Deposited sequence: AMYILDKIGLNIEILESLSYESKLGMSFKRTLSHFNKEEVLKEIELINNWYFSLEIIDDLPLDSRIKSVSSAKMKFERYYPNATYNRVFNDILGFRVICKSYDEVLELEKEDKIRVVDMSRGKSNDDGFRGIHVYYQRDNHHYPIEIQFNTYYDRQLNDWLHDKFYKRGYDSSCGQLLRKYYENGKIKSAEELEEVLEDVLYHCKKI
């Protein structure tokens, strides 16, 4: 029934089927202080293994990425102990899609299980990046699933920002891009 989900061949049932139930016995609403790093990494190793074995992922009409246990280890060490588990380990399975407009993405707000992170006008700490990331979470004991949305216009600078980059540095690069000063990979190497 949601236009954006129909366009990317997803629905709530499919998202439910791709959700991994944690066996840690701890609510993902809790901070990292309540988790054991070794237990978390062993569980994420199993989740990564599960996603590497699911053929259905390659059949869906949208792109995806299975993040590594190494990324999870760095995230744990960076955010321990005060970050909330559901905000840290929320992208093991991450889809990526080009949206026609950000307005079609905002319809996802209707789903109680979908958290919308709208960075279409920037993040709180603006560093030039632009896009909308959403996170589906079946319940407080399942790992979230991410979907990254970008327009082609934002995707182009995001790619260049990734290739080369204070937040003010990326923020200024975005201002130059919006002013027509950065139009290619050759023009990005001069500015």
property	result
Regions of the deposited sequence not represented in the model	166 to 170, 197 to 207
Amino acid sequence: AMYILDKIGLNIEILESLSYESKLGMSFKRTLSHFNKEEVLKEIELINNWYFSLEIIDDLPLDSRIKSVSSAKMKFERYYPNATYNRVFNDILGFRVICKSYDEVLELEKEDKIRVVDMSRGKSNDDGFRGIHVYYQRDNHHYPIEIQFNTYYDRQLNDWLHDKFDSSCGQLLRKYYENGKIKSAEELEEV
From here on, numbers count along this sequence of modelled residues.
| item | value |
| --- | --- |
| 174 to 182 set against 6 to 14, stretch whose average Cα temperature factor tops the other in the entry | 174 to 182 |
| Entry-level comparison of average CA B-factors, 31 to 39 and 123 to 131, reporting the higher stretch | 123 to 131 |
| Residue with maximal Cα B-factor (values as given in the PDB entry) among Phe165, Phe149, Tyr152, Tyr136 | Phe165 |
| Member of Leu161, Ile47, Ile66, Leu62 with the greatest C-alpha B factor (per the PDB record) | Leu161 |
| Chain thirds of CA B-factor: placement of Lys75 | middle |
| For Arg96, the third of its chain into which the C-alpha B factor falls | lowest |
| Entry-reported Cα temperature factor of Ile145, expressed as the chain third it lands in | lowest |
